[PDB]
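Structure first, commentary second.
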Amino acid sequence: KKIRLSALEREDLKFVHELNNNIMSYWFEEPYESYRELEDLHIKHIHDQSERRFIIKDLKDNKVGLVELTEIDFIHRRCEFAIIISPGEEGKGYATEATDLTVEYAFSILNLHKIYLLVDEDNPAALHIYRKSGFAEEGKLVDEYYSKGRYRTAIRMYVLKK
């Protein structure tokens, strides 16, 4: 309502790249750095339903941020949720609106069952927002990731349908 979701197109790639310059970034599980890389990967996997991405646009249709549905499995019906918001739009949290919206798309459209996501121990802020979205921790992964000199630990939270 304060925001809308747009299906990612080719013209949106530039914006995506600009975001991830802020860490190893993956496109369909294939890592990339340069724009050209991403550009190629986009075309290559374009018909792959394995993942789905949306651009978050404000009322003015400026590009607010990104949301990624990855690791989609149509048997177990689960996808990994991830969301990124531009450094300018971090003000009154721009996640919940977008977040809860995608969750509907997942359940009410893709007809999925469970959605999960990963967050650092050290990012409590967004950790709450997720819980206020109906998420709850199903696990805590020790040394699951390596970021900035030290193995980090990520919290895995989920939500069911119905």
For residue 89, which of the numbered conditions (1) in a strand (DSSP E or B); (2) more than 27 Å from residue 114 (Cα to Cα) fails to hold?
-> (1)
Quick one: is residue 104 part of a helix (DSSP H, G or I), under 28 Å from residue 7 (Cβ atoms) and touching a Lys or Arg at 6+ places or on another chain (Cβ under 8 Å)?
-> no
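Conditions (1) under 10 Å from the mean Cα position of the chain (by Cα); (2) more than 19 Å from residue 29 (Cα to Cα); (3) in a strand (DSSP E or B), marked per residue:
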| site | (1), (2), (3) |
| --- | --- |
| 49 | no, no, no |
| 53 | yes, no, yes |
| 66 | yes, no, yes |
| 75 | no, yes, no |
| 81 | yes, no, yes |
Does residue 41 fit the bill of being surrounded by 14 or more Cβ atoms within 10 Å (Cβ to Cβ) and closer than 27 Å to residue 90 by Cβ?
-> no
Confirm whether residue 115 is under 24 Å from residue 23 (Cβ atoms), of a type in the set (A, V, I, L, M, F, W, C), touching a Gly at 6+ places or on another chain (Cβ under 7 Å) and not in a loop (DSSP other than H, G, I, E, B).
-> no
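Laboratory data are not the source of any read-out in this text; all were calculated from the coordinates shown. All Cβ positions, even for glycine, are placed from backbone atoms using ideal geometry, and neighbour counts span all protein chains on display.
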